[PDB]
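Below you'll find the structure, written out as structure tokens, and then a few comments.
As a convention, Cβ positions derive from the backbone with ideal geometry for all residues, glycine included, and neighbour counts pool all protein chains shown. Computed from the coordinates by the stated procedures, all read-outs in this text should not be read as laboratory data.
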Amino acid sequence: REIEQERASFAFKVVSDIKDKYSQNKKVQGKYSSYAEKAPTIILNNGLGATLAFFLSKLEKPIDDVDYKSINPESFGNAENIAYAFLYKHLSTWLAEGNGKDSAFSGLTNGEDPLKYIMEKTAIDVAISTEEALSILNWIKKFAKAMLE
Amino acid sequence: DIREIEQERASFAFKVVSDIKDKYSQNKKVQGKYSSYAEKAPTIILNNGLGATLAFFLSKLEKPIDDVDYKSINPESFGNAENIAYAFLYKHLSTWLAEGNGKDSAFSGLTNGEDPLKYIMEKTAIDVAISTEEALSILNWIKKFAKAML
Amino acid sequence: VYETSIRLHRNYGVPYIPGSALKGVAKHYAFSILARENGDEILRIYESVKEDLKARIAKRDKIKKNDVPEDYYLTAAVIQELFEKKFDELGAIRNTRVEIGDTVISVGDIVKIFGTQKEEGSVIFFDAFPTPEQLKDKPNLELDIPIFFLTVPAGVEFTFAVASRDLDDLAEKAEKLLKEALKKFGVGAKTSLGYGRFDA
Amino acid sequence: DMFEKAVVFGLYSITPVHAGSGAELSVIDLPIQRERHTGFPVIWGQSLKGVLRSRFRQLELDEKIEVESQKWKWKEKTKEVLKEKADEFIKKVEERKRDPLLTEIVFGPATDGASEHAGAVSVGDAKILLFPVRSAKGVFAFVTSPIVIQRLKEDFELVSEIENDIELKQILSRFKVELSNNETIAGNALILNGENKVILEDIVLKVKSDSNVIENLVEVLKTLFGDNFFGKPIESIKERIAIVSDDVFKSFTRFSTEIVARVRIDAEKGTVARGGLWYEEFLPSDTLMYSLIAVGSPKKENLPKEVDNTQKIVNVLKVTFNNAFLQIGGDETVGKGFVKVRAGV
Amino acid sequence: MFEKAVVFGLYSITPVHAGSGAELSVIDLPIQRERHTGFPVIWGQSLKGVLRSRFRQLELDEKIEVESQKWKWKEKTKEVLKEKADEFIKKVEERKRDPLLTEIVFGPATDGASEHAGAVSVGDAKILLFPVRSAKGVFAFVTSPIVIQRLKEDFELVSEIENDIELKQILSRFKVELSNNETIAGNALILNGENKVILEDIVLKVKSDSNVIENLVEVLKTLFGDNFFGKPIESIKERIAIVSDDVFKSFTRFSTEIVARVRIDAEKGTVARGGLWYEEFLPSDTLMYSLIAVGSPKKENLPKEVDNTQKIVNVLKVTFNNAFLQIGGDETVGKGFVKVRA
RNA sequence: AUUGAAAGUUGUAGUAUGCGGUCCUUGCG
DNA sequence: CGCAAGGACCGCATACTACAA
């Protein structure tokens, strides 16, 4: 259940961080809450790689190369862009490192970029990454719906 | 040790799309035309047929449709931006349908080192249908990455 | 593969008019007639939506927010946004009676007929199929220009239909609106150059 | 289990249909329902049940439902059955809290009273039966596959088990086809004038010479759907039927469906809204669809004397839905998803 | 005990959904699985319940061919229980107890659960064949060596009941091991190119030891009649694939059907609150078997017609053979219809 | 030469009942 | 002479152990 506590703490932390940015602006809060809610549906239909590609595409920038790091969500112009960059940042962070070296979940990607990891790995790695992303998204849905405006 | 074709599709699509950005970074018109063509090809494929679309690509490249050699089409030869984009798109599609990701990779094409146009010319319907399915999937992935990055 | 194409029927090859085009042209014509007559009231009532649309147009056009003119096109865009997601406040202006043809139709009737995001419409727009009798002798297709494309020649008959899914009798008003829209605006590409006009 | 009678429902599309299956990121933005392993199109039983229940409730509310040549008034009939509690039921029904009496009895209770009892109908899936495909000589053939015939034989076996009548099994027992990968048991009309060949779509292939099969197929259609295939004479269908192998049949259901490019033009610019461009996928018109409905004994306590036996319920449904027009799938107002229904036994 | 054994084979006519426990995780209502491995399964409790219900319903219609005699519930009960029988008949009228035959075979009802156990035992139904989409051909049956291993274990267990040495030898004759990606494929599924059988999203390499596959078909002809649940067995013999364990497990998790369902409001014309949800369905044409065991009938004063394990086994075999069964939830929407071959 | 020797948490029991992937939208200037 | 879905709704309500030993 240590992994469960880790997931809950991470979801609360990211939802609170989204709360801090544009706390009064119900536009960013509303868009992000719907974005987290609708995300798990895509994963079931098209798999993890397709969903990550879609997240990368919806960002409005040249987006040269692929980096789970960088891409500051505040640097995005439109509110939808900011919310999508936030969602991508959180999911990629959790899949790469989880919460840290000392955390119960160190992340399946060993700190590597999730998209590059999917591109150069085996099938089983993709399977476990998919299942973990689904679980964290399940928790994040509830925690973002509960408190974010 | 087993990678589905989905891994190889994304790996291949990332390879070519990134190969365009570094090559033709300043030619934003080339990038835009390539993106538009990648967006528009699957409807042509679904409406007419893979052979029809390949012949159309050749026609826009002022080349005969009877004898082709995708391995002998340098994209840099074309002068017009539309022509260069069409050459690049045709070369990518044919290379995937011939060799796939690679001989070492799990997927190694379908024609087994044959020009895909000739393969459609001289094969039964089922092979053509499967090749059409593969072309549709790779076109979807290439469109995804081109929209994302280009 | 050819640079041009037409919506030819799959099973038979006769050209036909989809019901979606009917519904779209009817909604567009209703918006145009509503904006042309009661433009000032609509522009004044929803001031916040007007400002937001002006800001969006300025951002898309890379121009100043004040540079946007309050022409009829801006009114049409505002009305379109009103019938979009921000359709709850439309009930504020749910009193104007647009004189469509020879009958007054309320905006509330427009919402009840065309349908909104939170409520399905009560009027179905079937498709249009040329009568076979006309095709028996008169040709049904023609060339039109070294760029050529196939078009339906003038005088070709077309039958349209409209149903009322619910007990609302908005079918007659919908039929009148469709007839007026076909007479004035018409349906089809290149509608600026007279294409798509329909007589009685 | 509890079923005793069954009816075979036949669906004939007159307008393109689109049963939604969510949205994907592939080339087709709004695809259609398909079985995963086979890949053939299909309409699940849940959509059919919902549409049938909605139509039944609508007809009962307007008191246009004629059971035993008499209107089944929602308030009057339920007054006798529910007795003292009928006032509460009538008010609840008027508040759109529970379905009327007849719908509740037939299609099971409503959402509020889901734990009251069970239903009495078991409408099943709609497996494909006849795919309309463009042809070179002749027009609009009705392609089918041996897999479809095998599934049909299985459903006929199930029906004969429910009805305890081996006539269906005897009728279908003659079906045994072994078509090769490039040979069709084609009808005379579709045959191209030449070396006994047929050009269907992009496939041209030789015609196997066989008989006493196609006719059998047509006979099956005459057993349930009267004598007219959705109104048209059965002779044209008999002369216009073709059968091909599984591979080419699957290849047809993957690249011979309607594809549309619907958009939404914004008023300000007059060309297209941002992101207003997508492709929708539709089943073609004149597709022959079939499904099975099984009827068991009613389970509601103190049911009205009119509906007590499964025979009465079967008669009611057959009378109500025979040769009717129904809406299936999305875009109802746009003008897509209208079919003609036929019953039988 | 359990001196007799009957193997039950099930074929899914329509998609089957056997409801799991609590509706957790992303998928709302998932099929029953086992955490131990991850394959689909059907617990024996549901199978026993549906079999008991069908048997009782048939018995109430006097359609059960007890030694080709059409045993009557009331007559047999009066003959056996004698004086008290009438009272039990009243309990049968109130739908409290159950008729004599079903009470003897499947055990008593809840209120009388203190007299004798059930003379039968129904094992968990385990997968043996899984449909999977294929590039060339269509709808290839798939299986894995671990499935055959479990089948051999089941055969050995049966041998501890009837001493079926020949069955044990036949099962032991089959021993294959595909290492990582290679597969044993029939002639149809093989792509026209050099080997390269493509299943779903994976490209494999054929292996030229197909005799084993043939042997497997023979085992089927030995177990479930001659026709493969109503189709030519040799016809199915051309579309059987054997793949490695991990690939088969991947197939049994990411190839079940997934369906989204909604509820439409009475007059709004759109979905309502709490309307959208998801469901997971086991694909059609899935082949799953089981193991029914029968021991000594423990009922007091059993009827002469059914008083030995052989009699009960014969009754079960005749009653359930090419019959049809409704399994699991979502009955009214045409889910759960299966064909049973004994 | 010990509050000791002896005793199968065992029998019955279907995650089942109700539920329309639906609404909004011109392929166009 | 180009344009490239987007939001709504995201399991509800009920059942929620009985009898022996």
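Using the Karplus curve 6.51 cos²θ - 1.76 cosθ + 1.60 with θ = phi - 60°, what ³J(HN,Hα) values do you get for each residue of segment E:34-41, in whole Hz, with x for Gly and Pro?
Each residue of segment E:34-41 in turn: 10, 4, 4, 10, x, 6, x, 7 Hz.
Which three extents, in angstrom, do the Cα atoms of segment E:1-149 have along their principal axes, listed largest first?
Principal extents (Cα only, largest first): 67, 38, 32 Å.
Could you give the Stokes-Einstein D for segment D:237-338 in µm² per second, using the C-alpha Kirkwood radius, 37 °C, 0.692 mPa s?
Roughly 172 µm²/s, to the nearest whole number.
When the expected Rg is taken as 2.2 N^0.38 Å, what fraction or multiple of it is the alpha-carbon Rg of segment E:79-155?
Rg over 2.2 N^0.38 Å, computed on Cα atoms: 1.96.
Take the Cα pairs of segment D:158-308, get the Kirkwood Rh, then feed it into Stokes-Einstein at 10 °C and 1.306 mPa s and tell me D in µm²/s.
D, rounded to a whole number, is 79 µm²/s.
Just list whichever of A:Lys13/C:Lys86; E:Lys175/E:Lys207; B:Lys144/E:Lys196; B:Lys144/C:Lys85 have alpha carbons separated by over 26 Å in the model shown.
Check vs 26 Å cut-off fails for A:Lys13/C:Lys86; B:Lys144/E:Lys196; B:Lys144/C:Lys85.
Report, as a whole number in µm² per second, the diffusion coefficient that Stokes-Einstein gives for segment A:1-148 at 37 °C and 0.692 mPa s using the Kirkwood radius over alpha carbon pairs.
213
What distance in nm separates the two pseudo spin-label positions at E:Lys72 and D:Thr271, each 7 Å out from Cα along the beta-carbon direction?
Here the modelled spin labels are 8.8 nm apart.
Quick one: compute a quarter of the convex hull surface over the Cα atoms of chain D and quote it in nm².
21.5
Tell me the mean residue ellipticity at 222 nm calculated for chain E from its helices only (DSSP H runs of n ≥ 4, each -39500 (n - 2.57), averaged over every residue, nearest 500).
One gets -9000 deg cm²/dmol as the mean residue ellipticity at 222 nm.
Quick check: the distance between the Cα centres of segment E:205-229 and segment D:127-193, to the nearest angstrom?
The two parts, judged by their Cα centres, are 28 Å apart.
Filter the GluC sites (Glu not before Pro) in segment B:1-99 to those in DSSP coil with at most 16 other Cβ atoms within 10 Å of their Cβ, and list the result.
Sites meeting the loop and neighbour criteria: B:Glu62.
Give, in whole angstrom and from largest to smallest, the semi-axes √(5λ) of the equivalent ellipsoid of segment A:82-149, with λ running over the eigenvalues of the Cα gyration tensor.
22, 13, 12
Grab the beta carbon distance between D:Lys91 and E:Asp28, set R0 = 25 Å, and tell me the FRET efficiency rounded to 0.05.
The pair D:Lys91/E:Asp28 has a calculated efficiency of 0.15.
For a quick check: with amide H placed at 1.01 Å from N, whose amide H comes under 5 Å from D:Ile199's, ignoring anything fewer than 5 positions away on the same chain?
Long-range HN contacts for D:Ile199: D:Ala136, D:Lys137, D:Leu192.
Would you be so kind as to identify all helices of chain B, as entire DSSP H runs, whose Cα atoms reach 20 Å or more along the helix's own axis and whose mean Kyte-Doolittle hydropathy is at least 1.0?
On the way: long enough: B:5-23 (27 Å, -0.46); B:28-47 (29 Å, -0.62); B:81-99 (27 Å, 0.17); B:125-149 (36 Å, 0.58).
Span-like helices, by this rule, are absent here.
For a quick check of your reading of the filter: which chymotrypsin sites (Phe, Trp or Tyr not before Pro) in segment D:255-345 sit in a DSSP loop and have no more than 15 other Cβ atoms within 10 Å?
Those satisfying the criteria are D:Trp278.
When the Cα centres of segment A:81-144 and segment D:1-65 are compared, how far apart do they sit, in Å?
38
Is any helix in chain D, taking whole DSSP H runs, at least 15 angstrom long along its axis by alpha carbon and on average at least -0.5 on the Kyte-Doolittle scale, and which ones?
Helices passing the filter in chain D: D:45-61, D:146-163, D:214-224, D:310-321.
Where both residues lie in the protein assembly as shown, what percent of DSSP beta bridges are antiparallel, nearest 5?
For the protein assembly as shown, the DSSP antiparallel bridge percentage is about 90.
May I ask you to list the residues of segment B:6-42 whose amide nitrogen lies under 17 Å from a point 7 Å from Cα along the Cα→beta-carbon direction of B:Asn74?
Counting only backbone N, you get B:23-24.
For D:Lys77, list the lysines whose Cα falls under 22 Å from its own Cα; do not include residues on the same chain fewer than 8 positions away.
Here the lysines satisfying the reach criterion relative to D:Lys77 are D:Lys64, D:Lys85, D:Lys91, D:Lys92, D:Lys97, D:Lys299, D:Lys300, D:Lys305, D:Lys312, D:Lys318.
Report the convex hull volume per residue for the protein assembly as shown, counting only C-alpha atoms, in Å³.
215
Take the alpha carbon atoms of segment E:252-311, find their radius of gyration, then divide it by 2.2 N^0.38 Å using N residues; give the quotient. If you can, show how the numbers build up before the last one.
On the way: Rg = 24.2 Å, N = 60, 2.2 N^0.38 = 10.4 Å.
Rg over 2.2 N^0.38 Å, computed on Cα atoms: 2.32.
Looking at segment E:252-313, which trypsin sites (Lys or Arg not before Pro) are in a loop (DSSP not H, G, I, E or B) and have at most 15 other Cβ atoms within 10 Å?
Those satisfying the criteria are E:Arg253, E:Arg263, E:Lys268, E:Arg273, E:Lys298, E:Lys304.
Using θ = phi - 60° and the Karplus curve 6.51 cos²θ - 1.76 cosθ + 1.60, what whole-Hz ³J(HN,Hα) does each residue of segment E:179-191 get, with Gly and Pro shown as x?
Listing the rounded values in order: 7, 10, 10, 5, 9, 9, 10, x, 5, 5, 5, 5, 5 Hz.
Tell me the volume per residue, in Å³, of the convex hull enclosing the alpha carbons of segment E:225-286.
Taking only Cα atoms, segment E:225-286 has a hull volume of 157 Å³ per residue.
Distance from the Cα centre of segment D:85-111 to that of segment B:1-64, in angstrom?
After rounding, the separation between the Cα centres reads 58 Å.
What are the principal axis extents of the Cα atoms in chain C, in Å, biggest first?
So the three principal-axis extents are 57, 47, 29 Å.
Report, ordered by chain and residue number, the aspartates and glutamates lying within cross-link reach of E:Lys317, taken as a straight Cα distance under 12 Å and ignoring same-chain residues fewer than 8 apart.
Those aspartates and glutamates meeting the cut-off are E:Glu65, E:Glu67.
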